[PDB]
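Trainee:
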Amino acid sequence: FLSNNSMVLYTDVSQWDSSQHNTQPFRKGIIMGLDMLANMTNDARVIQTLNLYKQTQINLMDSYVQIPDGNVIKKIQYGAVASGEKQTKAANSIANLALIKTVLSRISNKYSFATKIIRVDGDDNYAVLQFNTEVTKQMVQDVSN
Amino acid sequence: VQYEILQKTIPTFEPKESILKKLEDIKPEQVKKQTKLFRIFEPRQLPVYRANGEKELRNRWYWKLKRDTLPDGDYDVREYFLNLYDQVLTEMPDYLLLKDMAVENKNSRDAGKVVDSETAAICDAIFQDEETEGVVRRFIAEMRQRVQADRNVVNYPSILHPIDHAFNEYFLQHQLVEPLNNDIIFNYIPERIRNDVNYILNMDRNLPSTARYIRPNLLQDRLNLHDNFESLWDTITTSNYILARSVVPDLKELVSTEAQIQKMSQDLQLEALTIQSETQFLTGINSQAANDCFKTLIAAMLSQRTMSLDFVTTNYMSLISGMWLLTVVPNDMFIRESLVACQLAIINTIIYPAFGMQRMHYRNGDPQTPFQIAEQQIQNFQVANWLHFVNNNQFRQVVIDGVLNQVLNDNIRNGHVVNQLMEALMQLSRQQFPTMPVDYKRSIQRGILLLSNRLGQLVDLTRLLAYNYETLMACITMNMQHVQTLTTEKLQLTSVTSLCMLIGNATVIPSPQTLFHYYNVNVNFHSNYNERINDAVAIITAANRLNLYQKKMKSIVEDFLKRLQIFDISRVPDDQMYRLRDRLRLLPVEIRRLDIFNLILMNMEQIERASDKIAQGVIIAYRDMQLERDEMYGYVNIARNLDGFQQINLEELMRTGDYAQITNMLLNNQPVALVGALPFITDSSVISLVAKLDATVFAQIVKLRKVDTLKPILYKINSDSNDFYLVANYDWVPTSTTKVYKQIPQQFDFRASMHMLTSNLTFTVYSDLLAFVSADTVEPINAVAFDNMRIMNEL
Amino acid sequence: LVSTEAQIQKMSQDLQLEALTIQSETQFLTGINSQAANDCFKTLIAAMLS
Amino acid sequence: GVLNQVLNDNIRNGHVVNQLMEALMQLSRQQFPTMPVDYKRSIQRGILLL
Amino acid sequence: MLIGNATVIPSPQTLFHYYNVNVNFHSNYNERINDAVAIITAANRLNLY
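Chains as they are written, first to last, in the entry's author numbering: chain A, 509 to 653; chain B, 93 to 887; chain C, 346 to 395; chain D, 494 to 543; chain E, 593 to 641.
#1: Does DSSP put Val-580/A in a helix, a strand or coil?
#2: I'd like to know whether the C-beta of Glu-650/B is nearer than 8 Å to at least one C-beta of chain D.
#3: Determine the DSSP secondary structure at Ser-430/B, reduced to helix, strand or coil.
#4: Please list, in chain order, all residues of the same chain as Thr-869/B whose beta carbon is under 8 Å from its beta carbon, the five residues on each side excluded.
#5: For the stretch 589-622 of chain A, list every residue whose C-beta sits within 8 Å of some C-beta in chain C, in sequence order.
#6: Per DSSP, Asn-741/B is paired with what?
#7: So, using beta-carbon positions, are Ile-706/B and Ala-769/B closer together than 8 Å?
#8: So, is residue 910/B buried or exposed, given that buried needs 16 or more other C-beta atoms within 10 angstroms?
#9: So for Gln-549/B, helix, strand or coil by DSSP?
#10: Would you mind reading off the limits of the alpha helix (DSSP H) that contains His-318/B?
#11: Residues in the stretch 659-684 of chain B with C-beta within 9 Å of chain C's C-beta atoms, listed in sequence order?
#12: Quick check on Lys-536/A - is its C-beta less than 8 Å from some C-beta in chain C?
#13: For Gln-835/B, which residues from the same chain have a beta carbon less than 7 Å from its beta carbon, with the 5 sequence-adjacent residues on both sides left out?
#14: Against chain D, does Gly-457/B count as a neighbour if the rule is that its beta carbon must be under 8 Å from one of theirs?
#15: Could you round the C-beta distance between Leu-806/B and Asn-729/B to whole angstroms and report it? I think they count as a contact, below 8 Å.
#16: According to a CB-to-CB cut-off of less than 7 Å, which residues of the stretch 350-384 of chain C neighbour chain B?
#17: Can you pull out the residues from the stretch 625-639 of chain A whose beta carbon lies closer than 7 Å to at least one beta carbon of chain C?
#18: Residues in the same chain with beta-carbon distance under 6 Å from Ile-625/E, minus the five sequence neighbours each way, listed in chain order, please.
#19: Over what stretch of residues does the beta strand (DSSP E) that includes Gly-709/B continue unbroken?
#20: Could you tell me the alpha carbon to alpha carbon distance between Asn-636/B and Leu-138/B, rounded to whole angstroms?
#21: Does any C-beta atom of chain B lie closer than 8 Å to the C-beta of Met-647/A?
#22: Could you tell me whether the stretch 182-198 of chain B touches the stretch 779-798 of chain B, using the rule of 3 or more Cβ pairs below 8 Å?
#23: Let me know the secondary structure DSSP gives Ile-595/E once reduced to three states.
#24: As a quick exercise: from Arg-230/B, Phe-231/B, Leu-585/B and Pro-249/B, pick the residue whose alpha carbon is nearest that of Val-239/B.
#25: Can you grab the Cα-Cα spacing for the pair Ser-813/B / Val-140/B, in whole Å?
#26: So, with DSSP's three-state summary, where would you put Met-295/B?
#27: Pick from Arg-546/B, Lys-644/B and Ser-866/B: whose alpha carbon is nearest that of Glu-886/B?
#28: Please tell me whether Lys-124/B has its Cβ less than 8 Å away from any Cβ of chain E.
#29: Return the first residue and the last residue of the alpha helix (DSSP H) that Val-499/B is part of.
#30: Of all the CB atoms in chain C, is at least one closer than 8 Å to the CB of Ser-323/B?
#31: Nearest by alpha-carbon distance to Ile-688/B: which of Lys-147/B, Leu-578/B, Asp-256/B and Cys-567/B is it?
#32: Roughly how many whole angstroms lie between the Cα atoms of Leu-558/A and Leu-568/A?
#33: Run through DSSP, which three-state label would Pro-872/B get?
#34: Given that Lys-644/B touches chain E, what residues does it touch there, using C-beta distances under 7 Å?
#35: DSSP three-state call for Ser-400/B: helix, strand or coil?
#36: Using a C-beta cutoff of 8 Å, does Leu-607/E count as contacting chain C?
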């Protein structure tokens, strides 16, 4: 759907690991989802697994980090998300998806477009969109700002 | 060795979190047992002043309020009374035994007992006073507890205000307990379960008539919540579905999967060197899905939750078992587009090519499903009667025992519909495929033979499902509506074939403990539903009969949903709450709440005449009127009739600030009355009386318009006022402008405030009613259905 | 104003606009947000007055 | 001496809108013959929202 | 879809502001019109062509 009437916003998201949107809301959202899912089952083994996974997300919400510097060792408060996990990749894809879905409800205050495609792969993401009319420089600039 | 630290400020997200439960963990209720006797007034010694104002060597007991805490402004007073109504309803008890709270009178002739510690305290105080009459001591000596144990009844003395008597007597005469016998234990159980010889019931107890029990409120949906509150309905539907999954039995010994599937393998004559569509028939013929389908189907059909299909058209056996499914189960029970697509596929690759027809030219939004048009396109007696049945397959909505029921045909229950279908299939097997090759015949006919060699087992399976379905239908309290849901369950037809292919001569029936659990949970939910409805209806009908105009009817509904610990209050909007409110307005109130509110209505003003912090208004007539004699004050600036002068409401002035009238009346000294809740101060002087200060307070109101820095004066005069020699010597009747609109306290009548509260003696109350019942099932082979004929018999 | 997420909930679950295109095509809700309602309220009023 | 673009005075209060919502509820209650079924229930419920 | 139970009306200060502003604009409009007209007519009466 690339055309003279369409545009595409593409964006690198590789620095968004220490960010303020990978802390508390992400984990608590997942915890809430687990609560819903817990109320969506009857078996007990599963609920045990879910409560343990929940508590895992609790522990990942507050997490300190061994780092040497010469001989002595620093340990820093890092209650957020990064790679190095069975969950991190797909979960980061999710989180970037949720983030961009959250961002994307603001161009709608000033433009009419039909979201044709959104894509997220790790350290980047891009969405293409087509308009009711043809594109100009001023609309791209103002949209960008 | 050393460790180093780098601390870090952060934000903190704060959800609402909408605390949930599931049905099995919902606790039923906790009864209100009574605390102290719900007093509103209490006595108090005050001095007393004889007429001419001077003082006795004696005191007197007067009624006063407990907790004078009332606000300024009538709106806030109506708020107070809303809170008061809420408190009494929060304190309204269900049952009460008086002996637990009773105590001993220290002054009874016969050494008898009384009801409360404070009653006897008052008695003792009045006993130890030097200046109290002998008659109240005589009264205290005659007052005792009476008993008639043939009837299990007691009558205890109490001393309390007449309104208090009204409340407590209402509690006595409307305490919801009934005599309990085993006949009521029986008749609380449904008829269908008593009429079922596959469950046997007994108990090892004989309760007495001294026992008691609370009857649940299993009243129906006043609100029609199936009508356009579809989010909650989908939630509820899932919330019953999950409950239903908890109670379907796990299957007993099934036939060996590998052996049955070895037989399938032998009967198919596969080849290791071809693609063979037949191969896909084996997709998902495991155990653990047979059980899954068995649970999912039944829990859906009981919960009235729609369900959707996922199926790959390359697997024809999936379709071939979905045939049976869609035949024996109605079509509106599934979501429309799924089974439309599935039936359409089935037609366009098994059926119309056998009799030599076009595939189809079927529309997406066809107002007819393909089977309806196909009822008339075909030429086949069996299939045509079959399609007629299909078109007229639907539930029967019938109200039995108060609850609605989606009852089957009574030709579906007993599996006979399958004979029409299977006869049609026999007359299809015998067909040639004039258009299509012989390998395709071979594949199709072989697949349908795998299901045609299980005729009896499928009939028995359907009958078994039907039995458990009706048996669980009988254990419902909430009426079961037929309206399509938002959300489905993805059903795999591989699990259906797994179900249909692994069964023989073993029956699963719900254990009675599971039944009783399901029933008690449904009971508790329904009773919670009705009681919270009744609560909320009470508050709404209260608030609309009181002009609580600033109040915003959102938090009430939020509390209503919070007490139902399964809903998402943080993500329900306001419009839905308000529509729920709009329906709630039109409902009748229950008898308890309606009566209590009527009492409170008729007596709130009388209650308001008390509370000696605020007076109900003030007149100003620029004239030196006379003062009235009283005997707890002396001469006071008090009014009690309000005749003459025209009255301005002050809450009306706060609402509609128009100070033109009052201002005009003040410059030109025009007389007026002023109505509205108001403080005062108690000026015990004299020099602030003659100077006529209580008119000085209002001239700021024209300067600064805010009527909040408004504090009237109260001109109290007595023998404890530092200047009472004046009234003795100078011989002047006091006179004052600006009387106050107020009533005096009511003198305390010891005789008439005494009452005798009557109640039962020593009953017991039981809640978990089916704990006394022991229950068991017949042997599963020795079962029997409605038709008086063994299900699960074909071998 | 009303919290957006409630309306998001009910629209999102009852519509299933996720489902109501091709499943392999892109569809979802659109801005219910704040700073658009009052934007509209200003736009409308100022245009009708002018 | 100033011009004004005024309303019908049954609009300044909302009373004429009752007739609108009766019509809209009726439109909800009707089928959409050509239309699909998933898309119809979705549309009907989206109308019933307002 | 997000509104209910919160009334916002113009402050009296806002009303007064918007009235003074509109008054000033209209008054400026009429005064400069009259001035412009006068200067034009005076330029056309002294035969300054």
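Just so it is clear, CB atoms sit at the ideal spot from N, CA and C, and this is done for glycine as well.
Mentor: Answer, in terms of the structure:
#1: In the structure shown, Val-580/A falls within a strand segment according to DSSP collapsed to helix, strand and coil.
#2: no
#3: helix
#4: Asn-290, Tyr-291, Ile-292, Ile-601, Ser-603 and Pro-604
#5: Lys-609, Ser-613, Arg-614, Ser-616 and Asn-617
#6: Under DSSP, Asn-741/B shares a beta bridge with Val-767/B.
#7: yes
#8: Since the first residue of chain B shown is 93 and the last is 887, residue 910/B is not available in this structure.
#9: helix
#10: Note, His-318/B: premise wrong, no alpha helix (DSSP H); not H, not E.
#11: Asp-660, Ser-662, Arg-663, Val-664, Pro-665, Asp-666, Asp-667 and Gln-668
#12: no
#13: Once the five neighbours on either side are set aside, the close Cβ partners of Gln-835/B are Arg-701 and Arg-732.
#14: yes
#15: 7 Å
#16: Hits within the stretch, in order: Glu-350, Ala-351, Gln-352, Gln-354, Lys-355, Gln-358 and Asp-359.
#17: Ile-625 and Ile-626
#18: Hits under 6 Å: none found.
#19: Segment 707-712, the beta strand (DSSP E) holding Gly-709/B.
#20: 40 Å
#21: No, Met-647/A lies away from the interface with chain B (no Cβ there is under 8 Å from its Cβ).
#22: no
#23: coil
#24: Closest option to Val-239/B, judged by alpha-carbon separation, among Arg-230/B, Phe-231/B, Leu-585/B and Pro-249/B: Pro-249/B.
#25: 14 Å
#26: strand
#27: Ranked by Cα distance from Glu-886/B, the first of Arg-546/B, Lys-644/B and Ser-866/B is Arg-546/B.
#28: Interface flag for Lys-124/B against chain E is unset, since no Cβ pair is found closer than 8 Å.
#29: Looking at the DSSP string, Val-499/B is not in any alpha helix (DSSP H); the run it does join, the beta strand (DSSP E), is 495-499.
#30: yes
#31: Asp-256/B
#32: Cα to Cα, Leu-558/A sits roughly 15 Å from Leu-568/A.
#33: helix
#34: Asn-597
#35: strand
#36: no
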